[PDB]
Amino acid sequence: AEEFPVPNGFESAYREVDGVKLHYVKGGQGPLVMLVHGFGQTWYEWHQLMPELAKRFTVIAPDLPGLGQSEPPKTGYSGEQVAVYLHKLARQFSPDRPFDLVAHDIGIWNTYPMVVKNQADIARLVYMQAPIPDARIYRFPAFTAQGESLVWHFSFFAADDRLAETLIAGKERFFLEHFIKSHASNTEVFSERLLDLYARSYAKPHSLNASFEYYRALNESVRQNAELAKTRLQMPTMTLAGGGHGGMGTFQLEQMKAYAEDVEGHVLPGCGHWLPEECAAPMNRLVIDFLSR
């Protein structure tokens, strides 16, 4: 039983990290690159990049704790707690050399603490489509002159009483299609089959709850990061952001400039939030080139 199709030459496997059984898909040879997905998705969002990267690198794509086929965390869902799991997972496979890190959406939240605290273990960093949790997220408007905003899910998912689980249960496929397409610039890349796969995966009760616990921990992650951010990142970093509807535009690079000394960014026109699927080829190309320099 696999929730998503594994590409040729890759292996679906599990590893215990601090008592928590983590699922991942792994292939390739060479220095290690870890790819970390975001909300609504799983390791599978990288399935197009992974065979290309695996020509020059060892590639590992974990499911975040509680999501996909990984067990929920036993400590908690703030960035610092989850980052321990992802760091220790990567160390098992690259204990003698730095590794590269590519992260999308809440993968950023869940990896930034381990990067800033183990800078010598990270060779190069790619961050795409999510603010690092800090005071800036408090400025994002709740409502726009065009209709619903793109960040009101922060409060919906953070709300207590299990509000999001209760309202979305029974309607997981419907809600996820609306959520994805409303943050997408190009909706045609999400077939009905792909949406069925993602919806069945996050509809598992523990995965549905886990998805929102990351947001229930968001303010704790902001407070954690106010102390972490006294140390700027020193490794080579690239940011990617969509330039169309759902994309973060210039905010991604401009925020990262406050955290990183050596940073380059790109904004991809015609693309929204789901860069690996909406703009697979140009994103794949910029990732591979940046990590191969």
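Heads up, when I say rigid core I mean the largest set of C-alphas that superpose within 1.5 Å between the two forms. From 1 onward, residues are counted along the sequence shown.
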Rigid core superposition result in 5 other deposited structures of this protein, more deviant of 175 to 183, 146 to 154 by Cα:
146 to 154
With B-factors read from the PDB entry, the higher C-alpha mean of 91 to 99 and 177 to 185 is in 91 to 99
The stretch whose C-alpha atoms carry the larger average B-factor in the entry, 32 to 40 or 240 to 248, is 240 to 248
Among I168, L197, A83, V126, where is the Cα temperature factor highest, going by the PDB entry?
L197
Choose from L150, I108, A164, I137 the residue with the greatest Cα B-factor as stated in the PDB record.
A164
Binned into thirds over the chain's modelled residues, the C-alpha B-factor of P269 lands in the highest
Sort the modelled residues of this chain by their C-alpha B factor and say whether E220 lands in the lowest, middle or highest third.
lowest
Relative to the other modelled residues of the same chain, rank the CA B-factor of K230 and answer lowest, middle or highest third.
highest
For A142, return the chain-relative third of its C-alpha B-factor as stated in the PDB record: lowest, middle or highest.
lowest
Entry-reported C-alpha B-factor of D121 relative to its chain, by third, is middle
